[PDB]
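Asks: My questions all concern the structure below.
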Amino acid sequence: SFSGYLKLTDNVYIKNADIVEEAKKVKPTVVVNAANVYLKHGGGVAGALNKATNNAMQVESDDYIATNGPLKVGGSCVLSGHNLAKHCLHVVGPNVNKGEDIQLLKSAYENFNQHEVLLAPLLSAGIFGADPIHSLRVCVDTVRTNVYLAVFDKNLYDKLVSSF
Ligand SMILES: Cn1ncc2c(C(=O)N[C@@H](CC(=O)O)c3ccc(Br)cc3)ccnc21
């Protein structure tokens, strides 16, 4: 049910799209969230996904942290996808604006390999401060399962395709 994507490799696809609108249309098995270790979904992709769930994602996430403590940078957890997907895979890429090790970006993408197909954003891009061209290259070189990347910004999408 994914449509309109540009094929980059055997398993990686990309589209200029709002991941919330894409998730509402497709209702994928897995949507990836660009999470932080606390699962505090304030801004960026996480703020947008949480708002689309009417804050249900944040209420579930606060219970998960109260029980388990914070995630690791490069780690993940599977929670409900609420009205957006069957599941949400919350993945923590390194935040350059907080000074985190960019080498953890490959470990972050390795979480995607536990799922046959995913709808996802580029990790560590946007307000996380990493170069999105670098993030797409690590994604291509690490993920082996089928990943459908939604890039919100039209100008960034064009730059990512042209420089691939
Ligand atoms: C309504 N809302 N607010 C943010 C956001 C995001 C979001 O932060 N995406 C990131 C990642 C991406 O989409 O490639 C991003 C956005 C813009 C630039 Br420029 C660079 C990275 C995605 C969906 N809905 C969103």
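Nothing in this text is a laboratory measurement; each read-out follows from the coordinates by a stated rule. In this analysis, Cβ positions are derived from the backbone assuming ideal geometry, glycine residues included, and neighbour counts consider all displayed protein chains.
Asks: Scanning segment 36-51 for residues that are exposed (fewer than 15 other Cβ atoms within 10 Å of the Cβ) and assigned to a loop (DSSP other than H, G, I, E, B), which turns out nearest to the ligand (Cβ to nearest atom)? Step through it out loud before you land on a result.
Replies: Pass one, segment 36-51, residues exposed (fewer than 15 other Cβ atoms within 10 Å of the Cβ): 38, 42-43, 51.
Filter once more, keeping what is assigned to a loop (DSSP other than H, G, I, E, B): 38, 42-43.
Details: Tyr38: 18, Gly42: 11, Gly43: 7 Å.
Residue satisfying both the conditions and the ranking: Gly43.
Asks: Shifting gears a bit: Which members of segment 1-20 meet the condition of being farther than 21 Å from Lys159 by Cα and assigned to a helix (DSSP H, G or I)?
Replies: Answer for segment 1-20, where residues must be farther than 21 Å from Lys159 by Cα and assigned to a helix (DSSP H, G or I): just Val20.
Asks: Where the second residue is more than 13 Å from the ligand (Cβ to nearest atom) and part of a loop (DSSP other than H, G, I, E, B) and the first is closer than 10 Å to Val12 by Cα and among the hydrophobic types (A, V, I, L, M, F, W, C) and lies in segment 136-155, which pairs have Cβ atoms under 6 Å and are six or more apart or on separate chains?
Replies: The qualifying pairs are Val140/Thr9.
Asks: Any idea how many residues of segment 21-35 are of a type in the set (A, V, I, L, M, F, W, C), more than 19 Å from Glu110 (Cα to Cα) and part of a loop (DSSP other than H, G, I, E, B)?
Replies: 0
Asks: On the basis of being under 22 Å from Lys25 (Cβ atoms), touching a residue at least 24 places away in the same chain (Cβ under 8 Å), in contact with a strand residue (DSSP E or B) (Cβ under 9 Å, 6 or more places away or on another chain) and surrounded by 18 or more Cβ atoms within 10 Å (Cβ to Cβ), does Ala56 make the cut?
Replies: When the stated conditions are applied, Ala56 does not pass them.
Asks: Within the bounds of segment 113-124, is there any residue that is touching a residue at least 40 places away in the same chain (Cβ under 8 Å), crowded, with 19+ Cβ neighbours inside 10 Å, in contact with a helix residue (DSSP H, G or I) (Cβ under 8 Å, 6 or more places away or on another chain) and more than 16 Å from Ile19 (Cα to Cα)?
Replies: There is no residue in segment 113-124 that is touching a residue at least 40 places away in the same chain (Cβ under 8 Å), crowded, with 19+ Cβ neighbours inside 10 Å, in contact with a helix residue (DSSP H, G or I) (Cβ under 8 Å, 6 or more places away or on another chain) and more than 16 Å from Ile19 (Cα to Cα).
Asks: Looking at (1) free of Cβ contacts under 8 Å to residues at least 60 places away in the same chain; (2) closer than 21 Å to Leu118 by Cβ; (3) of a type outside the set (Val, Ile, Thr), find the lone condition where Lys98 falls short.
Replies: Unmet for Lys98, out of (1) free of Cβ contacts under 8 Å to residues at least 60 places away in the same chain; (2) closer than 21 Å to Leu118 by Cβ; (3) of a type outside the set (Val, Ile, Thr): (2).
Asks: Enumerate the strands (runs of 3 or more DSSP E) found wholly within segment 59-152, keeping only those where 2 or more residues are over 12 Å from the mean Cα position of the chain (by Cα). Before you say what the answer is, go through the steps one by one.
Replies: On the way: elements: 76-80, 87-91, 117-120, 146-151.
Fully inside segment 59-152 and qualifying: 76-80.
Asks: Further question: Applying the selection to segment 108-139, what residues are aliphatic (A, V, I, L, M), within 15 Å of the ligand (Cβ to nearest atom) and touching a strand residue (DSSP E or B) at 6+ places or on another chain (Cβ under 9 Å)?
Replies: Kept after step one, since they are aliphatic (A, V, I, L, M), are these residues of segment 108-139: 108, 117-120, 122-123, 125, 127, 130, 133, 136, 138.
Right, trim to within 15 Å of the ligand (Cβ to nearest atom) and you get 108, 118-120, 122-123, 125, 127, 130, 133, 136, 138.
Residues satisfying the conditions are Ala108, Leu118, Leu119, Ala120, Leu122, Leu123, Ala125, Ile127, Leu136.
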